[PDB]
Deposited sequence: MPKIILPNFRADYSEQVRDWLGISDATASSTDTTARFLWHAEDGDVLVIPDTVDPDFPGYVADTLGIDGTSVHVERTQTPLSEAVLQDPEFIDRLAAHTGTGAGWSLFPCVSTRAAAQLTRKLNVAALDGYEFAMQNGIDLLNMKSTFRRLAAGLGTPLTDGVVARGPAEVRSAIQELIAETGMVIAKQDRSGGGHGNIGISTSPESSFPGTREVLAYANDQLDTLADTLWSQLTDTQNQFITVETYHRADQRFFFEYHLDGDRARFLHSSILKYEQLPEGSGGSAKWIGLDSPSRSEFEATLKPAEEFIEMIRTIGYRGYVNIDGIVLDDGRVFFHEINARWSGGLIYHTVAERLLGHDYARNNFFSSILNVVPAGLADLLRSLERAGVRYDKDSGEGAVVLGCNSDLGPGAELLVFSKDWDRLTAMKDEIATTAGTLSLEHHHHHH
């Protein structure tokens, strides 16, 4: 059915392999490879019918599947989303390019990072800015932390320690007309019931491996942004910045898309995030990492986490650079729609044509398909380009009109 993984096909060059647990719209590779201007027939897709997990990566059936392509391993490398211990061993076993930071990974190092607990710890000691927070160690400590952090704003967040996308986050409100981007539920504050309120907070966001909870002052932000980086033994190249776009608030806020150069890239954001990033470079992580953060109306800057993995808009950025150019951000803007009424790639391309906004190499304007049927923003996932923000906004509203969204 779904093709939420097909999107990573845009990372592809001649000779490459993609691995998906999903399906591909039969047309989606040729289309992607025609757009990317590469030899479709020189590009492979190896499907599993079960999720892409550690067990798979260790599984030699799985392993020899890849060894068919890599054969000797010479001139082959692995391009993992999460530089896991199995992923390193997979480079070991295939005789493939050694993973960078191999040893950090072999000690499951990339899993200390990708904890919200580790983040605050690291950012307190370093001085990187943080909302007032507590790394909760149990329901008792969860109860106190809300009794204090509720007061500045009337708003508080509770994050499961290992999690992504805003999925392990519950908010705490003193006002039903407060909206919480990056939460799942939102529960109302209640002085007379907080022992019970931290209970439901404990049981829902802790398990056997995760016994730390974070609880922060939630702040209403004027800019919800993040920065994605690439790391090696020499440097951390700043890759890009984007905007976490939310909605579901009419008078809780679900994620809906990403937007191109963030309107948030000054020193007070770049410099503290860059310093933190390098310290992580120092402790060993080799690869892509991104740092979430906000900017407030008054001006205070805050950071939430690093995820040592593909930001999830890395694909957006790759696409832009492969279509528009290394420096694309200077004169271009991209933006992403989800919940587009899904359909065949053919039926998708026609509405984009019927709307007048299909990607068009001449202008550098228009939209491309990253999935006809995905779960991430359940719908078809599009990416749209424009030298002009206002044009981009019209083009999207057309794709609404012509192709159809779901509410």
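Visitor: Which parts of the deposited chain sequence are absent from the coordinates, listed in sequence order?
Guide: Unmodelled stretches: 1-29, 281-284, 441-448.
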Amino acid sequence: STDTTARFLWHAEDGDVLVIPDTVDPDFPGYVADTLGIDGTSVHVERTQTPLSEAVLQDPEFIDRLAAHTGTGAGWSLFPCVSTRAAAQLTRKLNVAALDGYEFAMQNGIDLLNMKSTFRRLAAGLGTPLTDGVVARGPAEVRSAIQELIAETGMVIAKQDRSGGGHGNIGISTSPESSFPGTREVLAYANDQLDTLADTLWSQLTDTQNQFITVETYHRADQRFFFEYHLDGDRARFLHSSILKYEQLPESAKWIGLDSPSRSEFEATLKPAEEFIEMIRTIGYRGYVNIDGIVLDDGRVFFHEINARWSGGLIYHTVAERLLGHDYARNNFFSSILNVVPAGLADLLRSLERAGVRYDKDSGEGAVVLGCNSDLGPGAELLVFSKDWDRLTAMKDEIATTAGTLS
From here on, numbers count along this sequence of modelled residues.
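Visitor: Mean C-alpha B-factor higher for 120-128, or for 177-185?
Guide: Looking at the recorded C-alpha B-factors, 177-185 comes out higher on average.
Visitor: Look up the CA B-factors in the entry and say which stretch, 3-11 or 397-405, has the higher mean.
Guide: Mean CA B-factor is higher for 397-405.
Visitor: Whose CA atom has the top B-factor in the entry, of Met115, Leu270, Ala221, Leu239?
Guide: Each of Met115, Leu270, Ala221, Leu239 was compared by C-alpha B-factor; the highest is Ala221.
Visitor: I'd like to know which of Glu152, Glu305, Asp111, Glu103 has the highest C-alpha temperature factor in the PDB entry.
Guide: In the PDB entry, the greatest C-alpha B-factor among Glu152, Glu305, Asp111, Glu103 is found at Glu152.
Visitor: Is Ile213 in the lowest, middle or highest third of its chain when residues are ranked by C-alpha B-factor?
Guide: Middle third by C-alpha B-factor.
Visitor: Quick one: classify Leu352 as lowest, middle or highest third of the chain based on its Cα B-factor.
Guide: It falls in the middle third of the chain.
Visitor: Taking the entry's C-alpha B-factors for this chain, is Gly37 in the lowest, middle or highest third?
Guide: As the PDB entry reports it, the C-alpha B-factor of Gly37 lands in the middle third of its chain.
Visitor: Against its chain's modelled residues, does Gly75's Cα B factor rank lowest, middle or highest third?
Guide: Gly75: CA B-factor falls in the highest third of its chain.
Visitor: Within this chain, which third does the Cα B-factor at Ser262 fall in: lowest, middle or highest?
Guide: Ranked within chain, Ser262 CA B lands in the highest tercile.
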